[PDB]
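Asks: entry_13.pdb is reproduced below (PDB, C-alpha atoms).
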ATOM      1  CA  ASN A 593     -24.522   5.384 -18.952
ATOM      2  CA  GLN A 594     -24.752   1.762 -20.107
ATOM      3  CA  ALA A 595     -25.965  -1.619 -18.855
ATOM      4  CA  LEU A 596     -22.632  -2.795 -17.357
ATOM      5  CA  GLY A 597     -22.685  -6.465 -18.315
ATOM      6  CA  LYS A 598     -19.355  -7.775 -16.949
ATOM      7  CA  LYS A 599     -17.560  -6.404 -20.009
ATOM      8  CA  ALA A 600     -18.216  -2.755 -19.248
ATOM      9  CA  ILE A 601     -17.402  -3.276 -15.569
ATOM     10  CA  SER A 602     -13.995  -4.872 -16.146
ATOM     11  CA  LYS A 603     -13.313  -2.132 -18.693
ATOM     12  CA  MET A 604     -14.260   0.532 -16.154
ATOM     13  CA  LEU A 605     -12.002  -1.059 -13.534
ATOM     14  CA  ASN A 606      -9.203  -1.161 -16.115
ATOM     15  CA  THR A 607      -9.657   2.521 -16.942
ATOM     16  CA  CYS A 608      -9.706   3.342 -13.230
ATOM     17  CA  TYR A 609      -6.392   1.530 -12.834
ATOM     18  CA  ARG A 610      -4.808   3.131 -15.892
ATOM     19  CA  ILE A 611      -5.927   6.676 -15.007
ATOM     20  CA  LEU A 612      -6.125   6.977 -11.216
ATOM     21  CA  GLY A 613      -3.690   4.447  -9.773
ATOM     22  CA  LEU A 614      -3.664   1.358  -7.575
ATOM     23  CA  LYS A 615      -5.220   2.316  -4.240
ATOM     24  CA  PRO A 616      -8.234   4.219  -5.686
ATOM     25  CA  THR A 617      -8.848   1.163  -7.864
ATOM     26  CA  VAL A 618      -8.790  -1.094  -4.793
ATOM     27  CA  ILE A 619     -11.274   1.153  -2.986
ATOM     28  CA  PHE A 620     -13.432   1.239  -6.117
ATOM     29  CA  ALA A 621     -13.401  -2.550  -6.481
ATOM     30  CA  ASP A 622     -14.436  -3.058  -2.864
ATOM     31  CA  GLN A 623     -17.239  -0.520  -3.176
ATOM     32  CA  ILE A 624     -18.392  -2.078  -6.460
ATOM     33  CA  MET A 625     -18.672  -5.488  -4.829
ATOM     34  CA  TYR A 626     -20.556  -4.045  -1.849
ATOM     35  CA  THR A 627     -23.092  -2.141  -3.949
ATOM     36  CA  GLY A 628     -23.513  -5.013  -6.401
ATOM     37  CA  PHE A 629     -24.355  -7.456  -3.640
ATOM     38  CA  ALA A 630     -26.703  -4.944  -2.019
ATOM     39  CA  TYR A 631     -28.676  -4.164  -5.165
ATOM     40  CA  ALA A 632     -28.748  -7.781  -6.318
ATOM     41  CA  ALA A 633     -30.384  -8.618  -2.992
ATOM     42  CA  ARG A 634     -32.754  -5.661  -3.373
ATOM     43  CA  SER A 635     -33.576  -6.751  -6.928
ATOM     44  CA  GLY A 636     -35.055 -10.070  -5.858
ATOM     45  CA  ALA A 637     -34.092 -11.710  -9.142
ATOM     46  CA  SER A 638     -35.143 -15.352  -9.266
ATOM     47  CA  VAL A 639     -35.649 -18.216 -11.704
ATOM     48  CA  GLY A 640     -39.045 -19.802 -12.203
ATOM     49  CA  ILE A 641     -40.397 -22.541 -14.420
TER      50      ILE A 641
ATOM     51  CA  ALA B   2      -1.751   0.506   8.794
ATOM     52  CA  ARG B   3      -0.567   0.269   5.181
ATOM     53  CA  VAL B   4      -3.313  -1.391   3.152
ATOM     54  CA  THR B   5      -1.352  -0.622  -0.027
ATOM     55  CA  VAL B   6       2.402  -0.134  -0.406
ATOM     56  CA  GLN B   7       2.227   2.004  -3.561
ATOM     57  CA  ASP B   8       3.560   5.200  -1.973
ATOM     58  CA  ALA B   9       6.684   3.462  -0.678
ATOM     59  CA  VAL B  10       7.133   1.832  -4.082
ATOM     60  CA  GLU B  11       7.271   5.148  -5.933
ATOM     61  CA  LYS B  12       9.430   6.630  -3.158
ATOM     62  CA  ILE B  13      12.163   4.077  -3.945
ATOM     63  CA  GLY B  14      11.154   2.412  -7.161
ATOM     64  CA  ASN B  15      11.926  -1.268  -7.397
ATOM     65  CA  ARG B  16       9.087  -3.184  -5.607
ATOM     66  CA  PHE B  17      11.986  -5.473  -4.656
ATOM     67  CA  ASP B  18      14.394  -3.089  -2.920
ATOM     68  CA  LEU B  19      11.904  -1.553  -0.496
ATOM     69  CA  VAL B  20      11.389  -5.009   0.995
ATOM     70  CA  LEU B  21      15.079  -5.056   1.917
ATOM     71  CA  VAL B  22      15.130  -1.432   3.093
ATOM     72  CA  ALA B  23      12.022  -1.873   5.244
ATOM     73  CA  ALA B  24      13.364  -5.157   6.607
ATOM     74  CA  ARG B  25      16.551  -3.370   7.690
ATOM     75  CA  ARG B  26      14.603  -0.517   9.283
ATOM     76  CA  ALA B  27      12.226  -2.909  11.047
ATOM     77  CA  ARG B  28      15.180  -4.902  12.355
ATOM     78  CA  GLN B  29      16.740  -1.716  13.715
ATOM     79  CA  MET B  30      13.501  -0.763  15.465
ATOM     80  CA  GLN B  31      12.713  -4.283  16.734
ATOM     81  CA  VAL B  32      16.049  -5.656  17.952
ATOM     82  CA  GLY B  33      16.674  -2.389  19.781
ATOM     83  CA  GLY B  34      18.763   0.760  19.817
ATOM     84  CA  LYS B  35      16.373   2.723  17.610
ATOM     85  CA  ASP B  36      13.054   4.545  17.855
ATOM     86  CA  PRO B  37      10.501   5.341  15.139
ATOM     87  CA  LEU B  38      10.725   8.709  13.400
ATOM     88  CA  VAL B  39       6.965   8.677  12.680
ATOM     89  CA  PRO B  40       4.164   8.694  15.297
ATOM     90  CA  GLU B  41       3.361   5.192  16.501
ATOM     91  CA  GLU B  42      -0.241   3.974  16.187
ATOM     92  CA  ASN B  43       0.568   0.703  18.023
ATOM     93  CA  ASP B  44       1.457  -0.809  14.639
ATOM     94  CA  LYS B  45       3.991  -3.549  14.119
ATOM     95  CA  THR B  46       7.487  -2.547  13.053
ATOM     96  CA  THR B  47       6.772  -3.709   9.489
ATOM     97  CA  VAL B  48       4.145  -1.154   8.513
ATOM     98  CA  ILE B  49       5.901   1.437  10.685
ATOM     99  CA  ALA B  50       9.018   1.153   8.528
ATOM    100  CA  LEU B  51       6.796   1.157   5.448
ATOM    101  CA  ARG B  52       5.177   4.405   6.616
ATOM    102  CA  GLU B  53       8.615   5.896   7.289
ATOM    103  CA  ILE B  54       9.659   5.049   3.730
ATOM    104  CA  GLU B  55       6.395   6.445   2.346
ATOM    105  CA  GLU B  56       6.891   9.749   4.179
ATOM    106  CA  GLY B  57      10.238  10.008   2.380
ATOM    107  CA  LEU B  58      12.446  10.130   5.484
ATOM    108  CA  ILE B  59      14.020   6.653   5.155
ATOM    109  CA  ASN B  60      15.965   5.075   2.294
ATOM    110  CA  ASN B  61      19.150   3.102   1.729
ATOM    111  CA  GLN B  62      21.528   6.061   1.443
ATOM    112  CA  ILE B  63      20.466   7.800   4.644
ATOM    113  CA  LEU B  64      20.447   4.470   6.480
ATOM    114  CA  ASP B  65      24.074   4.031   5.421
ATOM    115  CA  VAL B  66      24.973   7.551   6.545
ATOM    116  CA  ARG B  67      23.342   6.957   9.944
ATOM    117  CA  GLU B  68      25.292   3.710  10.318
ATOM    118  CA  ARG B  69      28.500   5.574   9.453
ATOM    119  CA  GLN B  70      27.632   8.321  11.943
ATOM    120  CA  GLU B  71      27.057   5.759  14.693
ATOM    121  CA  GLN B  72      30.366   4.072  13.847
ATOM    122  CA  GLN B  73      32.191   7.415  13.955
ATOM    123  CA  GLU B  74      30.603   8.284  17.309
ATOM    124  CA  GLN B  75      31.953   5.093  18.897
TER     125      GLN B  75
END
Let me see the structure of the file written as structure tokens.
Replies:
Amino acid sequence: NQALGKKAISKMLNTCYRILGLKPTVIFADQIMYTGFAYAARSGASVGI
Amino acid sequence: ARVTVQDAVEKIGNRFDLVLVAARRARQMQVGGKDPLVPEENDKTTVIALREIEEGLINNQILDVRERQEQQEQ
């Protein structure tokens, strides 16, 4: 329930590691990268003059 | 296939000793004279030995006792 600006996301990965373990954290990291790429492409964010 | 070796690490906790134990088990299964104690999914001997350690049915002590048993048999 935040904006997740690269400081919340590393914190959430850290908490996942410290609470759940190693392998769930690996699965979570892979899924995070997949969904981040997918929704960045869906977002269509671009720079203009 | 063992993507992560965490289970084997907690089974025998050193992260350095299981390499040696699994190397010994893989050598036994690969040179010859031994068969896997876990179902074979056409894996290499490496992850097979790692799975055997993870299941809790292979370690250093029982490897030594099996070697002693084989020596006593002959």
Asks: Could you spell out the hits of the ChimeraX specification (/A :<9) & /B on the shown file, as an MDAnalysis selection string?
Replies: chainID B and resid 4:7
Asks: Neighbouring residues of range 9-15 of chain B were defined as those with any atom within 7 Å, considering only C-alpha atoms; residues of the same chain fewer than 6 positions away were excluded. Please report them as JSON, numbers by chain.
Replies: {"B": [51, 54, 55, 57]}
Asks: For a test of reading the model, state the distance in Å between CA of residue 74 in chain B and CA of residue 59 in chain B, rounded to one decimal.
Replies: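 That distance, rounded to one decimal, is 20.6 Å.
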Asks: Taking all atoms of range 605-617 of chain A that appear in the file, build a box with edges along x, y and z, extend it by 4 Å on every side, and state its centre and edge lengths in Å to one decimal, as JSON.
Replies:
{"center_x": -7.8, "center_y": 2.9, "center_z": -10.6, "size_x": 16.3, "size_y": 16.1, "size_z": 20.7}
Asks: Run the PyMOL selection byres ((chain A and resi 593-603) around 12) mentally over the shown coordinates, then write out the matched residues as a list in words, using the chain letters and numbers from the document.
Replies: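 Listing what the PyMOL selection byres ((chain A and resi 593-603) around 12) selects in the shown file: residues 604, 605, 606, 607, 608, 609, 610, 617, 620, 621, 624, 625 and 628 of chain A.
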Asks: Mind pulling up the distance from CA of residue 70 in chain B to CA of residue 43 in chain B?
Replies: 28.8 Å
Asks: Please evaluate the PyMOL selection byres ((chain B and resi 25) around 12) against the structure above and give the resulting residues as a PyMOL selection string.
Replies: chain B and resi 18-24+26-32+35+46-47+50-51+54+59-61+64-65+68
Asks: To one decimal place, how far is CA of residue 39 in chain B from CA of residue 67 in chain B in Å?
Replies: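 For CA of residue 39 in chain B relative to CA of residue 67 in chain B, the distance reads 16.7 Å.
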